[PDB]
Structure formats: structure tokens, C-alpha cells
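> Below you'll find the sequence and an experimental structure to go with it.
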Amino acid sequence: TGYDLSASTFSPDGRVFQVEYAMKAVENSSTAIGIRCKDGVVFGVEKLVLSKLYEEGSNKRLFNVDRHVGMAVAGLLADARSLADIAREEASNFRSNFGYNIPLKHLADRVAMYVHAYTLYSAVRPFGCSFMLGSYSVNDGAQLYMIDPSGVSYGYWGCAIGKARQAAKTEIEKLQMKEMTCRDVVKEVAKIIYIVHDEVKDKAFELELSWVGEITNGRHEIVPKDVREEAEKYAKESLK
Amino acid sequence: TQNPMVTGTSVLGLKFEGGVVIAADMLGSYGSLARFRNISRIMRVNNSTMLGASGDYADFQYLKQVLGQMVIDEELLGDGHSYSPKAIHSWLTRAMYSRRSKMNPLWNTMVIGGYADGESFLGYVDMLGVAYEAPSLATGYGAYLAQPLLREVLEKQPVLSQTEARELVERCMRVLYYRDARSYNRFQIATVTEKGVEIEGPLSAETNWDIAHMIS
């Protein structure tokens, strides 16, 4: 009887529907995945091109958070573009205040604190986005976290966001991602994305990948097309 | 802060063909005392430009800290654009000028070498906000000492090479070590070209004292 009219009200079952409805916007968002490895972390994005008018590089869901940190999101595409600056705030302030690079956990903390800040009131709405954050460090190495629309942070060997999660997750639970190198698995990561894909609504798409890890010496970089074509044209061999 | 803030010393730079060379002393000076014999007063900005400063060394680190973020701000974007030495010289000017409006300016002198758009752009700012472009730059007592050596060779040799550059600077730091009380024989010869910044290690100068024995 209107229990869910705002997020500030708890349902008689104790379940908050508005934050759950905000997750349903993520549940209907496009699927992107990334997985950490021993050498580093790899990111990926499935971009949906509806019309030929879209230029290459448009609708880029690959984000640059910091020197050693990238970002990949699932949800409303303008949401994390605010969090992009917010993530750069902690990236700039930490290096300004404490004078060295920020670990992934400390960044995933205050951001998750900022995600949960908007679930409280009735005068704001929670984030309609869910994202993962990897990195690489010398004392730490590849770590993988994810922040849901409710602001919860978990450690992950692997993770999936967007429309179909367990479709990739179960397959990621079947194949061991632990001791393998991101350079070898980046070919199979595209294959998992192609398995998540189905043609009913969506027709054509493209793959977007990013670099962080020992191959990049810890500094987050971007993959060139040809090296990705080595995975792409190999994923075309595994497409069937 | 008029207190012994660890002021710097004369900083020199001059253009050569397709590049810029900047020299500075590694001696931190505490008041009239020479305290810190090894300091790094020069920061590298990408591969394109390099910066150095005179006067307060502490105010340099803050700008080294602030501009360090400002340069990364572009790498935070990842949009495929860069910063030109003109843009940094622009920004630093406006940044240094907005401080004196609040009556809390950074007390110091700065020099910006750089290379952009097939040309080596040298630039100079000041504590008071004076900014211009010159083929050679002299700060502190370099204007009283090293500058006439530059202004003589510039009109004679508009085109300068690295060998001509160094020999000047080597003789400049040679004369500076003689006539400056707060100088020191250790100094940084640093170059910037289209291939990136390369900073040489500590070097000394040649001393001819023969005039001393000829007194008596």
C-alpha cells in the first residue's frame, strides 16, 4: 500500500524496494565483466551500437580513475561520470595529502561510503549504477572489488555486472581464473562475453578492454586494437 | 615568511638548436649558511617540458605537488590530449598571480623550459607575476654574472648546439662558483629535447688559481 513510494520507508517485510528497484535498472543494464589475474587485472565492456551514426570511441564505459586504476560500470551511463570525478577526488587528495599512490581498498571504501550516503534520505535517490574496481600494487598486487547500488563492498577472485551475472559467473566458476595470466585469459574473457550475448533485442556490439598489471608495470593503460584483434580474431575461432 | 626559509640560488637556462638546456645548483642555502648540499630542485613534466625554480625551495615542492596533480589531471582524463609548455606557463602565471592578490604570494623565482609543436618554447615567470619569453634566462645573480656572457654569444651565434650550450654553462658555473658566496661546485646540467628530459648527475668546475701565487 505505497510502502515503496520512497527509499526512507521500510516495507513490512523489511526489504527496501527503491534500492532494489535501483538494482533493477542495473539488472536491465548492459553486461560487462572483468577479472583479476596474477599479473594484473583486466577490464571489459560490451557497447551496444544502435545506429551507424555512432562514432568509434563514443559511449565509452571504460573510465580512467587514476594512474594505476581503471573503472567499468553497469547502470545509467551518466551515474559514474559523477563518481569518476569523486574517484579522482580521493585519487588526487590522497596523493596530495599522503604523497603516494592509493590502495584499491581505501578507494573502494570511501566510494562505497558515498554510494550508501544517498540510500538514506527521501530527498535523494540511490545510484542506478553498479561497478567494479581493480588495480595492481607492488606490496599488494591485483585486487578486485565491486560496489552495488546499495554501497556494499566485497572482495572477489572474479565478478560480473549488468544484465546477466550468473550466466558469466557460473562459467567463470567452471574455468579457473586464479593462477592464469591476464594476457592468456583476455582471449577467453571475450568468449565469455559472447556467450552472455544473445540476438533478440541486441544485434551488433563491440568489445572494449583496458590494461593494468605487471605487463603495464602497475600503471593502468589501454589496449591497442591489434593486440585485441589477436584476442578478437581468436575469439572468432572460439565463437562457434 | 622572512625567516630563514632555505632560499635558492641563481638558476640558468638557454635555448639551443631544437632543444633547451637548464642548469641549477644542488646546494640548499639556509640564510647566509649553506646547509643542504644535495637537493633536487628540478621536476620533469611528461617528456615535453621541465621546470626549475629559485628562491624558496618549500614553495617549489607545493607547486611541484599541485602541478604534479595538474599534469596527472590530463592522464586522469585519457582523452588523447597533452599539455604544452605554453599552457603550463599560462596556468602557472595565473596561479602565481592569484596568490599576491590575497597578500600571501609564494616568495620565489621560477623558470620553465619546454618543447612544443616542432619548436622549443622557453618561458619565465616571476614572484610578482612578470612573464615573457627570451632566448636565454638568468635569475638571481646570473643576471649580474652569467647574463652578459649569454647576451654576447647569442648575437654572435644565434644557432646554438649542445657543445656550445654546455661550454657556456660550464664556464658560467665556473665564474659563478668564483664570484658567488652562496654557490657551490656541485650543480645539475639538465637538458630537454623532443626525445624527453635527461638530467646529468653532479659535476664540478675547473679552477685556475695562478693569480693567487702572482700576488707576491
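Looks like it arrived, so ask away. Numbers count the residues shown, from 1 in each chain, chains lettered A, B, ... in the order given.
> For chain A, what's the nearest residue on chain B?
When distances are taken as Cβ to the nearest Cβ, chain B approaches chain A most closely through residue B:78, which lies 3.9 Å from it. C-beta coordinates here come from the backbone N, C-alpha and C atoms, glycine included.
> What values do phi and psi take at the closest residue to that residue other than its chain neighbours?
Of all residues beyond its chain neighbours, the one nearest residue B:78 is residue A:64 (3.9 Å), with distances taken as Cβ to Cβ, 6 or more residues apart in numbering or on different chains. The main-chain torsion angles of residue A:64 are listed as degrees, to the nearest 10 and equal phi -110, psi 110.
> how about the strands in the chain?
By default, I'm working from chain A. With DSSP state E as the definition, chain A shows strands at residue ranges A:32-36, A:40-48, A:63-64, A:70-75, A:129-135, A:143-147, A:153-155, A:158-161, A:205-213, A:221-222.
> should've been chain B
The residue ranges that make up the strands of chain B, judged by DSSP E, are B:12-16, B:19-25, B:28-30, B:33-36, B:42-45, B:49-55, B:108-114, B:123-125, B:136-138, B:187-193, B:196-203.
> Could you dump the ones you listed into CSV and include mean neighbour count and distance to residue A:84?
Below are the strands of chain B laid out as CSV (neighbours: other Cβ atoms under 10 Å in any protein chain shown; distance: least, Cβ to Cβ, whole Å):
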stretch, mean neighbour count, distance to residue A:84
strand B:12-16, 26, 38
strand B:19-25, 25, 36
strand B:28-30, 18, 40
strand B:33-36, 12, 41
strand B:42-45, 19, 24
strand B:49-55, 25, 27
strand B:108-114, 25, 29
strand B:123-125, 24, 32
strand B:136-138, 24, 39
strand B:187-193, 21, 32
strand B:196-203, 14, 30
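> looking at these, which is closest to residue B:101?
Proximity to residue B:101 (Cβ to Cβ) singles out strand B:123-125 among those, at 15.6 Å.
> what's the distance between the closest residue to chain B within chain A and residue A:104?
Scanning chain A for the residue nearest chain B gives residue A:64, at 3.9 Å (criterion: Cβ to the nearest Cβ). Remark: distance between residue A:64 and residue A:104 (Cβ to Cβ, to the nearest Å) = 15 Å.
> Also residue B:193?
With Cβ to Cβ as the criterion, residue B:193 and residue A:104 are 37 Å apart.
> and if you look at residue A:67?
Shown here: residue A:67 relative to residue A:104, a distance of 13 Å by Cβ to Cβ.
> just to revisit the earlier point, how about the residue of chain A closest to chain B, what does it touch?
A:70, A:71, A:84, A:220, B:75, B:76, B:77, B:78 (Cβ atoms under 8 Å, 6 or more residues apart in numbering or on different chains).
> My understanding was that the residue of chain B closest to chain A contacts residue A:219; is that so?
No: the pair residue B:78 and residue A:219 does not pass the contact test of Cβ atoms under 8 Å, sitting 11.8 Å apart.
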